[PDB]
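Letters A, B, ... mirror the listed sequences (proteins, then strands); counts begin at 1. When a ligand or atom number is given, it counts from 1 through the structure's own listing order. Both backbone and side-chain heavy atoms feed into the values below; hydrogens, waters and symmetry mates do not.
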Amino acid sequence: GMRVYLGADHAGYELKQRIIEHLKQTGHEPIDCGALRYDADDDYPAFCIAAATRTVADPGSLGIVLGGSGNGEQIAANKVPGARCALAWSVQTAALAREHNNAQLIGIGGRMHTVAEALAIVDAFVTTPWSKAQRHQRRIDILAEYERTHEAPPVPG
Amino acid sequence: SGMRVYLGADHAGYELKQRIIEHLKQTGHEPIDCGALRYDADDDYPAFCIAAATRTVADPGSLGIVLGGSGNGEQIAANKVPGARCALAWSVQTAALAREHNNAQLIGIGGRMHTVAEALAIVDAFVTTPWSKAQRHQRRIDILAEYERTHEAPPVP
Ligand SMILES: O=C[C@H](O)[C@H](O)[C@H](O)COP(=O)(O)O
Ligand SMILES: O=C[C@H](O)[C@H](O)[C@H](O)COP(=O)(O)O
């Protein structure tokens, strides 16, 4: 069982509440970063930055950010130092996010999937192991070093 | 109408990148190849994605496309570049919303996830859909930009 930080604007809110209940039922500890109620006009970035910041700060935890499409949400998460947020739109991409990218977070577009599809995405995300494979780690290290220095790494050739 | 487009890809997105480059030329746009310049099965996506994102941000009004197996590590990398907003485009709808809602200057595309026809449809939506300039979207982009400026997490409501 794992702590999972969730953040969502109004467009992801209802799906977020469903995911929280699903995660409880499957033995996880969901932590709601907000929104705590439906507010049709609310703004995703704060919730996504909160979820990403909290996830990165909490070893072994994962996070999930939801909105209409999930794309603004993952962009916002990805601005957090050390955060790696994939956009998960299928079981395959949720799984690869963990296996290849060691993503601590995924974005999900609430308007893009049925609830069943979304929960299947969440299941793949929370159950797929990070591979620890050499080449994937190398690539993550390159990105982390760019985050640290903003020195663009040279392109081969 | 015609857009300048910076492209970057690792080996997993290489063939698709070359097809997109030709497609963009054929449809009246100006593709600029940031690499990879040949197929290297072992090469590492971050450098190419950071290059494309960095050049896109430095050339306002340009767009960028980053490609790899899933596009997710690729967009994560792009999103580390100051001022870059890179959506994951997995459909015509999400490519369009990336422009409309997120004003994303870049998209990631997974070369292992789509047929070429499907990929080119995604590209067409991305390079043709206008940024909406709607108040609420500009507000959210500005909130994210301020967080990127200071790395001070904005309070949730
Ligand atoms: O990437 C952003 C996500 O799709 C948002 O939930 C969406 O933009 C919200 O739009 P609206 O409900 O304010 O029209
Ligand atoms: O996000 C990363 C992208 O999916 C890469 O193209 C992928 O990791 C390459 O996988 P492999 O060809 O090294 O197995």
Side-chain angles (χ1 to χ4, degrees), chain A residues 7-16 35 38-48 65-78 84-89 92-93 95-103 107-112 131 133-140 142-143, chain B residues 8-17 36 39-49 66-79 85-89 93-94 96-104 108-113 131-132 134-141 143-144:
Chain A
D9 71 4
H10 58 273
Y13 171 78
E14 295 293 345
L15 182 55
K16 181 169 65 61
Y38 182 87
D39 173 353
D41 305 318
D42 68 9
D43 295 333
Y44 65 88
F47 302 117
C48 301
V65 293
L66 302 332
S69 69
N71 262 320
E73 294 73 21
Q74 62 84 352
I75 289 159
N78 281 312
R84 294 177 302 280
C85 190
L87 191 287
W89 56 273
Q92 177 183 208
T93 54
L96 286 168
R98 298 293 304 123
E99 187 199 344
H100 283 214
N101 309 134
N102 197 10
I108 303 177
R111 297 169 171 152
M112 304 301 166
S131 70
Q134 190 176 76
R135 71 193 188 289
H136 300 319
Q137 190 56 61
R138 184 176 62 243
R139 288 157 195 172
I140 288 161
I142 291 165
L143 189 61
Chain B
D10 72 1
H11 56 272
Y14 172 82
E15 296 298 334
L16 183 51
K17 172 166 70 70
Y39 187 85
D40 177 352
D42 304 323
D43 68 10
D44 296 335
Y45 63 87
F48 304 113
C49 300
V66 294
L67 307 102
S70 65
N72 264 318
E74 291 71 21
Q75 61 84 353
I76 291 159
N79 279 312
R85 296 176 297 285
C86 190
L88 187 69
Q93 182 183 20
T94 54
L97 286 162
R99 301 295 302 120
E100 187 195 343
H101 283 214
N102 308 133
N103 196 15
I109 300 172
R112 294 167 175 162
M113 306 302 174
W131 155 229
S132 70
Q135 182 176 318
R136 67 195 189 284
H137 299 318
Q138 188 58 53
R139 186 177 58 248
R140 293 154 190 171
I141 291 164
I143 289 160
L144 190 52

Q.
Between ligand 1 and A:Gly72, is the shortest N or O to N or O distance under 3.5 Å?
A. yes

Q.
Quick check: B:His137 and ligand 1, any N/O pair under 3.5 Å apart?
A. no

Q: Write out the residue and atom name of the closest protein heavy atom to atom 14 (O) of ligand 1, then the distance separating them to 0.1 Å.
A: B:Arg136 NH2, 2.8 Å

Q) Are any non-hydrogen side-chain atoms of B:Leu97 and A:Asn71 less than 4.5 angstrom apart? A) no

**Q.** Under 4.0 Å to a heavy atom of B:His11 - the qualifying atoms of ligand 2, by number
**A.** 9 (C), 11 (P), 12 (O), 13 (O)

Q | B:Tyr45 OH to B:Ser70 OG distance, which is reported to the nearest 0.5 Å | A | 8.0 Å

Q. In terms of residue, atom name and distance, what is the protein heavy atom nearest to atom 3 (C) of ligand 1?
A. A:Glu73 OE2, 2.8 Å

Q. Which ligand 2 atoms, with their elements, are less than 4.0 angstrom from a heavy-atom of B:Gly68?
A. 6 (O)

Q) If we only count heavy atoms from C-beta on, is the B:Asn103 to B:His137 side-chain gap below 4.5 Å? A) no

Q.
Considering non-hydrogen atoms of the protein only, which is the closest contact for atom 10 (O) of ligand 2, and what is the distance?
A. B:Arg112 NH1, 3.1 Å

Q | Flag, side chain of B:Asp10 to backbone of B:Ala12, donor-acceptor distance under 3.5 Å | A | yes

Q: Looking only at distances, please establish whether an N/O atom of ligand 1 is found under 3.5 Å from an N/O atom of A:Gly68.
A: yes

Q. Heavy-atom distance to atom 5 (C) of ligand 2: which of B:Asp10, B:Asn72, A:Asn101 wins?
A. B:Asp10

Q.
Are A:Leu66 and A:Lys16 packed together at the side-chain level, in the sense that at least one heavy-atom pair is separated by less than 4.5 angstrom?
A. yes

**Q.** Side-chain H-bond candidate by donor/acceptor type, B:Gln75 with A:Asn78, under 3.5 Å
**A.** yes

Q) What atoms in ligand 2 come closer than 4.0 Å to a heavy atom of B:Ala12? A) 6 (O)

(Q) Residue-level breakdown please: for B:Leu97 versus ligand 1, do any non-hydrogen atoms fall below 4.0 Å on the side chain, on the backbone, on both, or on neither? (A) neither

Q | B:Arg140 side-chain N/O to A:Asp42 backbone N/O, donor-acceptor pair under 3.5 Å | A | yes

Q.
Using 30° and 60° as the class boundaries, would you call the ring planes of B:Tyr39 and B:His11 parallel, tilted or perpendicular?
A. perpendicular

Q) Hey, which atoms in ligand 2 end up nearer than 4.0 Å to a heavy atom of B:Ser70? A) 1 (O), 3 (C), 4 (O)

Q: Using modelled atom types only, decide if a donor and an acceptor are shared between the side chain of B:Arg139 and the backbone of A:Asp43 within a distance under 3.5 Å.
A: no

(Q) Can you name the atoms of ligand 2, numbered from 1 with element, that are less than 4.0 Å from a heavy atom of A:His100? (A) 7 (C), 8 (O), 10 (O)

Q: Mark up the atoms of ligand 2 that fall under 4.0 Å of a heavy atom belonging to A:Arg139, in ascending order.
A: 13 (O)

Q. Is the shortest N/O to N/O distance between B:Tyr45 and ligand 2 below 3.5 Å?
A. no

(Q) To the closest 0.5 Å, what do you measure between CE (B:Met113) and CG (B:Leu16)? (A) 12.0 Å

